[PDB]
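Asks: Quick one: the structure is below, questions incoming.
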Amino acid sequence: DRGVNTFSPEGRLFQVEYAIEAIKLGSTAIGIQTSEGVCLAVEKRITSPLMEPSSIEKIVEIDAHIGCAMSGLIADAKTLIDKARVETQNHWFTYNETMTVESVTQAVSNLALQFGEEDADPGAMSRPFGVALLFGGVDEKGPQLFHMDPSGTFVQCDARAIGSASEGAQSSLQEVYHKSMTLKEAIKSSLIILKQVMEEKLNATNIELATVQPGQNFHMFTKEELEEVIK
Amino acid sequence: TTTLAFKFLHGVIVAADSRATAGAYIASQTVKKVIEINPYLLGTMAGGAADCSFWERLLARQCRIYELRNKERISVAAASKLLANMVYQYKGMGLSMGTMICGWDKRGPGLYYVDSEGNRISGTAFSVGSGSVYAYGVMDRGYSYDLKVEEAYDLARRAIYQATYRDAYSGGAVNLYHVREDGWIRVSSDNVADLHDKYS
Amino acid sequence: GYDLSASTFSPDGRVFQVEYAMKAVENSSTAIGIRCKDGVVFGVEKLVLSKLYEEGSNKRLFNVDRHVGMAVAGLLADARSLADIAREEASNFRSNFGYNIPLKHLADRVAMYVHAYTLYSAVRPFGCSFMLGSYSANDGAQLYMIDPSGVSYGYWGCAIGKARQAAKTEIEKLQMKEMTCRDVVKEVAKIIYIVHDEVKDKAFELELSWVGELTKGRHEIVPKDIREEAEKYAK
Amino acid sequence: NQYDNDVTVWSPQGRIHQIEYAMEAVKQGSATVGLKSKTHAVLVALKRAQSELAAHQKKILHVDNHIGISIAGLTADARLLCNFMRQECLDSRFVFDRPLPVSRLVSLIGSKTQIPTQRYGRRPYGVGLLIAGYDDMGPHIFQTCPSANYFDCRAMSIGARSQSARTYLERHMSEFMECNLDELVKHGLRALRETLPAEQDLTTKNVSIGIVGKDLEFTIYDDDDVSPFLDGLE
Amino acid sequence: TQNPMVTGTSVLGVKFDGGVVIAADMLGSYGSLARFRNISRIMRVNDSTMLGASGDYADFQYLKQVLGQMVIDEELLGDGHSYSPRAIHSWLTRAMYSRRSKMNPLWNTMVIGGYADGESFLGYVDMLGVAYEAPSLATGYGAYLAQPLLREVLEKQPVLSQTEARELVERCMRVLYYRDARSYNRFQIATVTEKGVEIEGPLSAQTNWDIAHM
Amino acid sequence: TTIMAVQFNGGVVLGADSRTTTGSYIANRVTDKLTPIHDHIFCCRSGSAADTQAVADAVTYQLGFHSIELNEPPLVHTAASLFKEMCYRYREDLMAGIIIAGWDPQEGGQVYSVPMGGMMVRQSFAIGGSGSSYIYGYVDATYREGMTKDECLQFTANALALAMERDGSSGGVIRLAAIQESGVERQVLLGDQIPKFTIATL
Amino acid sequence: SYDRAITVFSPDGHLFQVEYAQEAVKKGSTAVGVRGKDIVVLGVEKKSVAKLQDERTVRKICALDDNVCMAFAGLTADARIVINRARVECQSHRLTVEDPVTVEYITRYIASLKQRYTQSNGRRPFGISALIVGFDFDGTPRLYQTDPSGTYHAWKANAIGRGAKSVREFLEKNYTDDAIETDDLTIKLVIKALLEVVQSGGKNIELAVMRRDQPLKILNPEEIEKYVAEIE
Amino acid sequence: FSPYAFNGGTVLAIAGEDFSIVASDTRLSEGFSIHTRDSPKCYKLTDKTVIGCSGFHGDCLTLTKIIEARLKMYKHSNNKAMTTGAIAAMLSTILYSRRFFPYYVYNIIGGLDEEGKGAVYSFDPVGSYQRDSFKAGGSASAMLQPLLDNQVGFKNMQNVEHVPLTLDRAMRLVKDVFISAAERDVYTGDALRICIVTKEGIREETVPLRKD
Amino acid sequence: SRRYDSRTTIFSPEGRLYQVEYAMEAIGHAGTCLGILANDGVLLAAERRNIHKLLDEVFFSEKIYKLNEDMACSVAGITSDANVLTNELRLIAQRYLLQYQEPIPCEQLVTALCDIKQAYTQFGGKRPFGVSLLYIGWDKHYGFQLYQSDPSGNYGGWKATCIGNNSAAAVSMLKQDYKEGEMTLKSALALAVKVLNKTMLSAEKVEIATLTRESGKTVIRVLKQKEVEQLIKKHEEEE
Ligand SMILES: *[B]([O])([O])[C]([C][C]([C])[C])[N]C(=O)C1=[C]N([C]2[C][C][C][C][C]2)N=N1
Ligand SMILES: *[B]([O])([O])[C]([C][C]([C])[C])[N]C(=O)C1=[C]N([C]2[C][C][C][C][C]2)N=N1
């Protein structure tokens with residue numbers, strides 16, 4: 001038996017390595033960054049017809065200009081999502097201005113490795129958050145998509161896919177995405193890629209798409225909107 | 001300071017003067033005593049400029065965070081209750097603020113008065129500030145629940161005008177707001193000097 | 001299984017963890033200390049692991065006070081924190097009693113702090129040994145040595161590190177007592193050139209620090225000119 | 001099998017397996033070179049990237065106007081240490097109203113990283129740092145590791161396959177002092193290129209440059225700002 | 001320290017061509033009583049810095065030991081870096097303000113005189129944390145009596161010589177002995193140049209009492 | 001209260017009155033103000049009786065423990081530094097006017113003054129208490145360098161006697177102490193043995 | 001105080017402690033839930049139906065507020081702690097906001113506290129699942145389900161505890177838009193679901209309905225016997 | 001024991017469409033004596049923002065140091081310099097943090113906004129603030145405010161065409177109002193420091209005043 | 001430190017809590033305690049496991065304790081754990097009476113002690129209380145009551161129950177002998193004696209306590225040696 005802060009022989013924290021393996025069992029969420037806004041789409045994955053699909057919130061609102069798509073242990077992501085919401089609200093109170101997308105991802109990545117048994121307090125994490133996040137927003141630099149995992153490493157990507165079928169989805173984005181692709185073109189690409197890697201026939205109640213454009217705010221496609229692009 | 005608010009048939013009317021003083025000296029005459037919490041929430045300020053500004057800004061940050069978690073706009077009763085509990089912690093410490101929360105939630109228009117002392121009451125017509133006594137006179141006199149929008153704007157403007165004429169700590173311009181079901185709108189911002197030429 | 005914690009005795013009555021911490025001091029470079037008629041000379045053979053390092057990097061000689069010196073062996077990270085612990089004790093003592101802390105008391109105070117890491121499971125014993133040298137008009141020339149177990153003793157000529165059993169036979173031929181400080185420096189640099197292995201080890205820088213009447217009771221690093229000449233005498 | 005689980009467990013050979021495993025974390029990171037002349041200090045970091053649509057991770061970070069660092073190892077750990085160094089530099093400018101000497105800031109990092117390797121339940125910082133700064137004693141290039149040890153070097157390289165870069169720096173170190181910024185930044189770029197595989201070569205999107213000198217505050221060149229230095233290498 | 005006990009009077013300070021000169025009388029007053037007539041109120045921080053404190057003497061002795069440790073601590077590292085007169089002044093300003101913000105200040109008024117990197121530095125820190133730099137300083141009752149004299153010489157001759165500044169300091173000390181009821185005719189004169197900090201004294205002034213016969 | 005300490009070649013000479021008054025009433029007319037901190041280190045107490053006793057006990061404890069660890073006779077300056085620390089630390093809570101005087105192998109006979117505020121200054125002779133104000137001019141005009149251990153005892157007895165007559169808070173007997181390298185020698189001066197000065201009469 | 005990490009990840013990215021907490025929920029009594037139009041029902045199987053035990057002191061259905069009530073499955077001792085903490089939040093929500101809590105708000109709080117115990121030091125995860133059922137201010141019946149991990153979902157009809165899969169499959173094929181048409185109809189669908197995972201159902205079933213603008217109403221044995229006769 | 005000291009000093013701030021002038025006297029005083037004759041109350045925050053403080057010098061020296069550190073920390077996490085409006089909003093929260101032991105400082109931030117037009121923010125001791133065109137704070141704030149109102153704001157004038165505030169006309173106005181404040185206020189005198197914030201950086205001008 | 005840890009509050013593969021289950025095994029090897037609810041009162045018939053020819057009688061009882069004015073209890077398990085538990089029960093009842101100035105209801109008291117028992121099985125890393133309790137009392141809301149409690153923190157109200165040595169054998173006997181709703185104190189004592197004998201008696205090997213109501217006052221009393229002796233003889237007449 002080992003402690004939570006134990007390094008392996010290859011130089012990797014065991015706990016973090018197992019937390020990254022827990023994100024391969026979560027739903028897939030494809031994010032595509034363009035010049036006219038960011039687009040996020042997640043696979044809801046309902047396991048029962050009695051289960052209400054509107055209670056599954058894989059994509060949340062961090063602020064008016066920032067969205068968030070998560071994968072892996074959804075319950076652990078509720079603590080990271082609240083930190084991000086309080087961080088962007090705190091920034092506004094102190095500087096009277098919106099926080100940048102990279103700044104929000106940085107503040108959420110700081111808690112990633114904040115865990116341990118010894119030399120800790122009552123309200124301290126005992127393990128790492130087994131969840132990955134896809135931050136998409138619009139600041140002074142325009143549309144920006146960020147990715148944060150259990151290790152606490154946040155990087156920027158033009159197109160990212162996290163979840164169970166990430167490997168298959170990531171490759172399908174590498175040859176269908178270009179720098180001049182429109183936001184409407186990105187929404188179709190994501191939907192097409194999502195439909196391929198999914199088990200259940202994609203429909204209006206299965207997935208959940210969200211978009212954040214320069215002049216607009218965070219927006220979640222409804223049933224009607226989703227149906228339009230589905231056909 | 002002179003701020004008034006009253007809810008008639010067509011929503012809530014909010015009016016205030018724009019003058020800050022540093023004793024006998026008139027610090028400024030373009031101060032905004034009405035702060036916007038959000039599109040359906042208004043907040044007036046009276047008393048300590050730094051006190052009302054910092055605490056109403058703190059309430060606005062609390063209302064935005066509340067709407068992200070519950071995925072819905074906060075009510076006028078909850079907004080005032082939030083602010084009331086905030087200032088209660090520092091009760092009898094020097095805080096000086098007399099705000100009025102107005103908005104249009106589920107139960108129609110709502111107008112609450114919240115001071116630093118501890119008060120938190122709901123009503124149909126309030127008036128905070130050093131010139132509030134003068135504003136009450138004109139307000140009540142011309143107040144009617146079936147007042148027309150144009151007639152309500154006149155009443156609110158005339159009420160702040162007479163209060164700035166009698167009170168030395170009230171002056172500047174007269175900012176008028178109108179809260180509706182679709183959200184509050186900035187009616188006007190007439191200057192007191194121009195109002196004096198029209199009422200004479 | 002009786003050697004995983006410092007708060008465990010083995011059947012024979014030994015604390016294996018503290019014995020394992022002494023193994024780290026026997027893997028480090030050799031540092032010697034010689035006390036004479038009016039001072040203490042520290043000689044540490046700094047083993048340069050790379051050519052990219054600057055001449056003077058990773059020093060093993062620090063001034064814990066203005067009259068006290070400190071040569072170390074074993075882990076450097078642990079020894080650096082012990083040097084800062086010794087500085088605090090020396091500084092706290094001057095602000096309480098109003099004068100320089102005696103070497104005997106400073107050694108004992110720092111040895112007691114080192115012995116506290118050899119009793120619990122929450123911490124591990126320091127993996128380093130060190131010598132403390134000083135000079136005082138009222139006292140004289142003192143030289144103490146503390147190991148990983150927290151034991152501090154007085155000496156005439158001490159030696160720690162890998163080649164300490166071979167460096168102690170070279171210091172036994174010297175008559176330190178009657179010897180001065182300028183004559184000892186040479187002998188100190190000669191013993192470090194004899195015990196140092198030119199085969200197993202590579203390049204090595206010779207460090208030299210002293211403290212006595214010569215430097216008016218102030219511990220310093222031996223002057224470049226005097227160090228350069230002493231290095232030529234060794235060769 | 002039972003001596004490599006805790007940092008407070010000395011092994012029979014007199015070593016701490018946990019600290020040795022923490023030094024492997026720095027060995028998995030991308031190479032980062034750090035050399036200096038007599039008036040400048042340069043840190044050329046080779047950025048990495050997973051997917052083709054992903055951006056290159058930042059390797060060079062701001063600490064102060066006279067201090068800059070290059071990371072190699074745990075991303076999160078690096079940030080943690082960077083915040084401490086930034087706070088330490090701020091305190092020095094607030095109290096003494098002057099830049100904190102680079103060497104004095106390196107001792108603060110060595111003490112903060114030593115504590116964790118002696119307490120039970122804690123772990124060492126899994127990251128290596130290459131600090132480039134300039135103060136009253138000229139330009140410096142320090143190197144800190146997971147085992148709370150720091151070295152004062154004329155040139156240094158840490159990360160994956162940094163032995164190829166270190167070898168190159170060891171034969172060109174003599175001609176570093178009397179050499180202008182332009183030539184000294186290209187001397188480090190050549191060393192950073194040596195660690196890379198034979199095929200792929202340095203570009204303007206996988207290389208980061210950080211310079212600090214006697215009459216220049218720490219600057220970080222990334223995309224279009226590194227072409228100037230890049231142009232001039234075979 | 002809400003109420004000072006044994007206090008010191010004014011401390012003079014004037015920058016000259018190649019250094020700074022500081023003077024202070026050696027007297028510890030207990031109210032109106034001259035209790036201790038041989039206490040040094042000037043301390044040499046390091047090779048390029050000197051300090052002269054007025055006010056509560058117990059507070060000065062606490063600062064003297066808190067500063068001495070700092071200098072000693074920095075010299076143990078031996079990395080070449082050393083605290084400059086401006087860095088010590090800054091440190092004192094933060095220490096005075098911090099104490100004043102906690103409603104428990106060190107009742108003192110310091111005059112920091114130094115000489116580093118070819119520049120003469122003359123700082124001034126009071127108990128409230130108020131600090132500034134000037135060509136000539138004077139604390140206590142010296143700001144009303146000696147300050148006017150020092151300022152009247154630096155207006156027609158901005159740059160002074162070592163001998164000229166020293167001759168001006170003696171004139172100010174003599175004037176302070178005629179009008180300050182808490183001063184002694186025994187003072188010290190510290191000078192910081194390129195060679196270091198040097199303290200002389202006790203010295204005295206040449207008082208004349210011709211007006212007593214008229 | 002009228003305490004006094006002077007020094008000579010060998011060591012030092014201490015002296016104090018013995019009156020403890022609570023208003024206009026003498027609660028203790030034979031108080032022993034001279035307190036031994038160590039073998040060759042004494043201290044005269046002045047100010048608050050409860051404050052000086054508490055501090056002296058604390059210092060005596062700290063000095064005893066410090067001297068047992070160092071295995072050497074404690075320095076008089078060390079004892080004075082300890083006193084100064086507590087006097088300065090709790091200057092807003094204590095009311096003391098301690099005068100540390102002893103003898104050590106290093107510096108010999110030393111006299112230290114630690115007034116109310118908590119400052120520490122070494123002098124050749126020191127006077128403290130409420131009755132020391134009346135003998136300030138006397139000690140300045142009578143003290144001469146080179147006084148022997150016998151002249152110091154007569155100098156202290158003369159000054160204390162002069163302060164006891166003018167001060168209402170000073171009186172009773174006179175407790176002297178001569179500390180040298182040989183040891184400490186206490187001595188009390190009662191009625192007839194107390195120096196007398198003819199009161200000016202017409 | 002204890003600060004040991006109880007719940008930690010494993011080689012396959014699993015959280016064993018939470019998986020063992022879900023194993024304890026499977027050994028609990030079956031708790032069924034069915035959302036109707038103007039009535040929410042809750043059914044709980046009574047395993048230990050001893051004749052010498054006051055049945056009012058050992059119920060699985062509780063009321064958090066006047067519009068919210070819940071049922072559980074797993075360790076009874078833990079359910080009590082979770083039920084009383086949720087009751088304090090309902091009273092706290094009423095003190096801060098004039099209106100009463102919504103079904104989802106309290107479900108979110110109950111699930112958030114469960115996730116909190118699966119990631120803190122010195123504690124172990126809760127071994128219970130909850131079926132929070134109630135009505136909002138709009139009159140919209142609600143039904144949520146929280147589990148040991150801390151995740152909750154809205155449902156139309158769900159079952160928890162031992163043999164929850166068998167009952168869930170029966171609800172999927174039986175829950176239509178005609179089975180919950182009338183008050184009695186919705187109550188009869190809950191009693192039918194419990195009849196496939198119980199022995200001689202009728203005297204071992206305890207259900208409580210919750211109509212609009214009305215407090216929790218526990219139907220006694222006599223009333224439950226009348227419903228079993230109509231399902232024959 | 002009083003933890004505050006009135007040190008005097010006045011600071012001015014006028015905003016244009018392409019510039020922003022922030023001026024202040026350089027005399028530090030206490031009671032009736034003059035501490036130093038060379039103590040400007042203008043501090044360069046960023047490349048387009050200058051802060052001016054007056055009042056208790058101890059708080060001015062500390063507030064300024066805090067602002068300098070807050071700007072550095074903000075640039076480290078946000079990777080960009082703080083704007084004039086963000087520096088004004090942050091100062092409000094810093095002044096109000098010490099609400100029960102407030103800084104006796106009168107701050108007047110002057111710089112350029114995002115668009116590029118001059119911006120002036122006036123602050124109160126506890127933290128309250130607002131953006132205006134011109135502002136005067138200090139010991140001569142009541143002596144200069146009325147003049148700026150008339151001259152720059154064109155108040156109480158019936159026949160004026162309201163000519164745009166040029167940078168050359170504003171430079172004379174700051175010099176003129178400070179020459180009148182040195183004739184009446186005993187805390188204003190000796191030297192006037194003028195900082196001009198434009199798009200080409202911050203320029204500094206120094207003019208002498210009365211010494212009596 | 002983490003190797004010596006026994007991990008008491010930890011789940012197991014089956015989803016059970018070992019420590020709590022091992023504490024339940026220790027309660028099955030303790031003196032049999034039985035409680036019966038009647039119409040005019042409730043009693044506690046526990047068997048004494050502390051029998052010897054050299055033991056003193058000193059105290060008023062050995063297993064049955066008084067919580068407050070209208071409540072009593074009988075423990076079964078670790079003797080030292082009950083001393084801690086019953087002392088805490090008295091504190092809870094005094095704290096409640098100091099707050100509302102009324103006797104604490106029986107179910108509220110039992111519930112409060114169960115919250116403490118369940119806290120030792122979820123966090124703290126300490127072993128659980130190895131004791132099972134039986135409570136009898138009277139309140140204005142439900143009158144006479146009888147509750148049981150185990151080491152896990154679980155509790156429940158009963159009419160007749162038994163904890164200890166032969167709980168399962170005694171419980172079965174009570175099941176086929178308890179006339180629910182028509183039981184009197186006098187007829188309940190027979191039941192206790194009848195069940196206590198068939199699950200093990202002398203008048204010194206057992207201890208009985210009854211709780212009845214007299215003139216708006218709860219009366220708790222332990223039956224005397226003679227008082228019990230007669231009961232034992234009357235059961236022999238029917239055998
Ligand atoms: B009003 O007159 O109440 C007005 C309302 C504010 C602007 C929202 N208040 C002020 O004018 C005002 C005055 N002061 C302080 C008075 C004491 C000196 C410092 C200013 N604060 N707000
Ligand atoms: B002396 O007069 O200063 C003397 C010095 C002491 C004895 C060390 N002080 C006192 O006379 C004195 C008396 N008291 C108390 C007053 C209240 C009643 C008890 C005695 N404190 N100091």
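Note on naming: chains are A, B, ... as they come in the structure tokens, residues start from 1 per chain, ligands start from 1 in the order shown.
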Would you mind writing down, as an MDAnalysis selection string, each residue of range 100-216 of chain I that DSSP on the backbone assigns to alpha helix (DSSP H)?

Replies: chainID I and resid 100 106:119 167:175 185:197

Asks: Please write out the residues within 8 Å of ligand 2 as a list in words, counting only C-alpha atoms and all ligand atoms.

Replies: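 Within the 8 Å cut-off, the matching residues are residues 1, 2, 18, 19, 20, 21, 22, 23, 27, 31, 32, 33, 44, 45, 46, 47, 48, 49, 50, 51, 52, 53, 96, 129, 130, 169 and 170 of chain F.
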
Asks: Could you write out that same residue set with N, CA, C and O atoms as a short mmCIF file (atom, residue, chain, number, x, y, z; two decimals), in the first residue's frame?

Replies:
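In the end it all went to selection.cif:
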data_model
loop_
_atom_site.label_atom_id
_atom_site.label_comp_id
_atom_site.auth_asym_id
_atom_site.auth_seq_id
_atom_site.Cartn_x
_atom_site.Cartn_y
_atom_site.Cartn_z
N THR F 1 11.56 54.87 47.64
CA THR F 1 12.61 53.87 47.33
C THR F 1 13.90 54.59 46.92
O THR F 1 13.80 55.57 46.15
N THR F 2 15.05 54.17 47.42
CA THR F 2 16.33 54.78 47.07
C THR F 2 17.41 53.72 46.94
O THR F 2 18.04 53.35 47.93
N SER F 18 14.75 50.53 53.11
CA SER F 18 13.94 49.36 53.44
C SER F 18 12.47 49.67 53.66
O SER F 18 11.73 48.86 54.21
N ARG F 19 12.03 50.84 53.20
CA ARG F 19 10.65 51.24 53.38
C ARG F 19 9.75 50.85 52.21
O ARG F 19 10.09 51.05 51.05
N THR F 20 8.60 50.27 52.54
CA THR F 20 7.60 49.88 51.55
C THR F 20 6.34 50.60 51.97
O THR F 20 5.71 50.24 52.96
N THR F 21 5.96 51.62 51.22
CA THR F 21 4.78 52.40 51.55
C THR F 21 3.62 52.23 50.59
O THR F 21 3.81 52.17 49.38
N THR F 22 2.42 52.13 51.15
CA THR F 22 1.21 52.02 50.36
C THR F 22 0.42 53.28 50.66
O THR F 22 -0.51 53.27 51.47
N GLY F 23 0.81 54.37 50.03
CA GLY F 23 0.18 55.65 50.25
C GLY F 23 1.01 56.42 51.26
O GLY F 23 2.19 56.67 51.03
N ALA F 27 3.83 49.90 54.99
CA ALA F 27 3.42 48.50 55.12
C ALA F 27 4.56 47.61 55.59
O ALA F 27 4.36 46.67 56.35
N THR F 31 12.08 46.28 54.48
CA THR F 31 12.11 45.55 53.22
C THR F 31 13.53 45.33 52.70
O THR F 31 14.38 46.21 52.81
N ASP F 32 13.78 44.15 52.14
CA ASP F 32 15.08 43.84 51.58
C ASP F 32 14.99 44.03 50.07
O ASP F 32 14.49 43.16 49.36
N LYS F 33 15.47 45.17 49.58
CA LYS F 33 15.40 45.48 48.16
C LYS F 33 16.52 44.86 47.33
O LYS F 33 16.38 44.71 46.12
N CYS F 44 19.17 45.65 42.56
CA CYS F 44 18.37 46.50 43.42
C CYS F 44 17.02 46.71 42.76
O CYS F 44 16.94 47.02 41.58
N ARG F 45 15.95 46.53 43.53
CA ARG F 45 14.61 46.70 42.99
C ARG F 45 13.99 48.02 43.39
O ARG F 45 14.18 48.50 44.50
N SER F 46 13.26 48.63 42.46
CA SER F 46 12.59 49.89 42.70
C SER F 46 11.34 49.93 41.83
O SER F 46 11.27 49.27 40.80
N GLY F 47 10.34 50.69 42.26
CA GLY F 47 9.10 50.79 41.52
C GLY F 47 8.02 49.96 42.19
O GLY F 47 7.73 50.15 43.36
N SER F 48 7.42 49.03 41.44
CA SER F 48 6.38 48.18 41.98
C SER F 48 6.97 46.92 42.61
O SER F 48 7.74 46.21 41.97
N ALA F 49 6.60 46.65 43.86
CA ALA F 49 7.11 45.49 44.58
C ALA F 49 6.74 44.17 43.92
O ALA F 49 7.56 43.26 43.84
N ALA F 50 5.50 44.07 43.44
CA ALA F 50 5.03 42.85 42.80
C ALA F 50 5.67 42.63 41.43
O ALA F 50 5.91 41.50 41.02
N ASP F 51 5.95 43.72 40.73
CA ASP F 51 6.55 43.65 39.40
C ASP F 51 8.03 43.34 39.45
O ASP F 51 8.54 42.62 38.61
N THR F 52 8.72 43.88 40.44
CA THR F 52 10.15 43.64 40.57
C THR F 52 10.45 42.25 41.11
O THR F 52 11.47 41.66 40.78
N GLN F 53 9.55 41.72 41.93
CA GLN F 53 9.72 40.39 42.50
C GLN F 53 9.45 39.33 41.44
O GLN F 53 10.14 38.31 41.38
N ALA F 96 9.14 48.85 36.90
CA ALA F 96 10.36 48.51 37.61
C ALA F 96 11.53 49.42 37.25
O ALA F 96 11.56 50.03 36.19
N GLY F 129 15.09 55.01 42.10
CA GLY F 129 14.06 55.17 43.11
C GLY F 129 13.49 56.57 43.10
O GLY F 129 13.91 57.41 42.31
N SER F 130 12.54 56.82 43.98
CA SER F 130 11.91 58.13 44.07
C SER F 130 12.78 59.11 44.86
O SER F 130 12.70 60.32 44.65
N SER F 169 9.12 58.35 50.91
CA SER F 169 9.03 56.97 50.47
C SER F 169 10.30 56.19 50.76
O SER F 169 10.39 55.00 50.45
N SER F 170 11.28 56.86 51.35
CA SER F 170 12.55 56.24 51.70
C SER F 170 12.81 56.41 53.18
O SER F 170 12.55 57.47 53.74
#

Asks: Which residues are near ligand 1 - at most 10 Å, using only C-alpha atoms and all ligand atoms? Format: as an MDAnalysis selection string.

Replies: (chainID B and resid 1:3 16:35 44:53 96:99 128:131 168:171) or (chainID H and resid 124:129)

Asks: I'd like the neighbourhood of residue 194 in chain I as a list in words, where a residue qualifies if any of its atoms comes within 7 Å (using only C-alpha atoms), though same-chain residues fewer than 4 positions away should be ignored.

Replies: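 The residues that qualify are residues 190, 198 and 235 of chain I.
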
Asks: Using the selection just defined, write its residues with N, CA and C atoms as an mmCIF file, in the first residue's frame.

Replies:
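Output file again_33.cif follows:
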data_model
loop_
_atom_site.group_PDB
_atom_site.id
_atom_site.type_symbol
_atom_site.label_atom_id
_atom_site.label_comp_id
_atom_site.auth_asym_id
_atom_site.auth_seq_id
_atom_site.Cartn_x
_atom_site.Cartn_y
_atom_site.Cartn_z
ATOM 1 N N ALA I 190 -44.534 -12.405 34.261
ATOM 2 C CA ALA I 190 -44.558 -13.849 34.116
ATOM 3 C C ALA I 190 -43.857 -14.200 32.816
ATOM 4 N N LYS I 198 -36.204 -20.241 30.322
ATOM 5 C CA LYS I 198 -36.036 -21.089 29.152
ATOM 6 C C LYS I 198 -34.919 -20.615 28.225
ATOM 7 N N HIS I 235 -43.781 -19.688 38.357
ATOM 8 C CA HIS I 235 -43.513 -20.211 37.025
ATOM 9 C C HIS I 235 -43.223 -21.711 37.094
#

Asks: Between CA of residue 15 in chain B and CA of residue 195 in chain B, measure the distance and give it in Å to one decimal.

Replies: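 CA of residue 15 in chain B sits 14.3 Å away from CA of residue 195 in chain B.
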
Asks: Would you mind writing down, as a VMD selection string, each residue of range 80-214 of chain G that DSSP on the backbone assigns to strand (DSSP E or B)?

Replies: chain G and resid 120 to 121 123 128 to 135 141 to 146 152 to 155 157 to 160 205 to 211

Asks: Those same residues - C-alpha atoms - I'd like them written as a compact mmCIF listing (two decimals), in the first residue's frame.

Replies:
# COMPACT_ATOMS: atom_id res chain seq x y z
CA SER G 120 -12.27 14.07 2.00
CA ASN G 121 -9.84 12.71 4.58
CA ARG G 123 -14.29 9.73 6.30
CA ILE G 128 -27.44 4.87 0.87
CA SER G 129 -29.39 5.98 -2.19
CA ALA G 130 -32.24 8.49 -2.16
CA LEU G 131 -35.46 9.06 -4.09
CA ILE G 132 -36.42 12.67 -3.47
CA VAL G 133 -40.00 13.30 -4.55
CA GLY G 134 -42.03 16.49 -4.31
CA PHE G 135 -43.88 19.40 -5.87
CA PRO G 141 -44.38 16.96 -9.67
CA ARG G 142 -40.70 16.05 -9.37
CA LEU G 143 -38.66 12.90 -8.84
CA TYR G 144 -34.88 12.72 -8.46
CA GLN G 145 -32.46 10.01 -7.37
CA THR G 146 -29.13 10.49 -5.59
CA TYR G 152 -28.31 12.66 -9.25
CA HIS G 153 -30.75 12.45 -12.14
CA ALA G 154 -34.40 13.30 -12.68
CA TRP G 155 -36.69 10.34 -13.29
CA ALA G 157 -40.26 6.23 -12.34
CA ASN G 158 -37.37 4.51 -10.55
CA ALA G 159 -36.51 1.81 -8.01
CA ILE G 160 -33.52 1.31 -5.70
CA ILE G 205 -45.48 -3.00 1.56
CA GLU G 206 -45.54 0.53 2.95
CA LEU G 207 -46.34 3.42 0.61
CA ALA G 208 -46.90 7.14 0.95
CA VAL G 209 -48.39 9.45 -1.65
CA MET G 210 -47.96 13.21 -1.99
CA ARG G 211 -50.71 15.14 -3.77
